[PDB]
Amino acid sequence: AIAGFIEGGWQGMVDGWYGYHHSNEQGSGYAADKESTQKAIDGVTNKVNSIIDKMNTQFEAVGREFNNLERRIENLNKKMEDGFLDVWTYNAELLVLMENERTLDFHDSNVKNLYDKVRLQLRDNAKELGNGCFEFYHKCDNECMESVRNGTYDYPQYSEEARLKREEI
C-alpha cells in the first residue's frame, strides 16, 4: 500500500499514464484510468505534431558565391543568414521551454481532476489523507473499487457502516 497525488509516481502501473492503486483485505493492485491517459497521449502527440507540421519548408539553396570585390554583398548575405540563425534558435529553444512547462502542468492538472472525480463520489465515506489516497470508512472489496474507478459508486449503501466507523473515533 503506497501514496498518490501529493507524492511520487508508480513504477508498478504500466498500462497507462494516470490510474488508481487500491488496497483491501483481498490484495493490492494498480489499474490505469484509460480514458484519461488516452486523452493525454492524444493531446501531447498532437502538440508534437503541431510543432512539426506547421513548419513551412521551401526549397532554398544556401550558397556563398561572391568575388573579391564583392565582399560587401558577401557581408550582407552573412548578416542575413546569421540573423535568421539567431532568430530560429532563440524561438526554438524558448518554444520547447515554454511548451515543456505547459506539458507538465497539464499532467498535474489531469491528476488532480481524477482525484477530484473520486473525492466527489466518496464524500464522507472516506478520509482524505493528504497524499492522493482515501482511507475508506468502511470495507471496500474489488467490485467496490471498480465501482469507484468507473464512477458508479453507491454512496448511500455504505453510509450504513461508515457513520458507525466515524463515530468510533
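Sequential numbering from 1, following the sequence displayed.
As the entry records it, the average C-alpha temperature factor is higher for 117 to 125, out of 117 to 125 and 45 to 53. According to the PDB record, 150 to 158 carries the higher mean C-alpha B-factor of the two stretches 150 to 158 and 12 to 20. For the set 108, 101, 141, 70, the maximum C-alpha B-factor listed in the entry falls on 141. Residue 112: CA B factor in the lowest third of modelled residues in this chain (values from the PDB entry).
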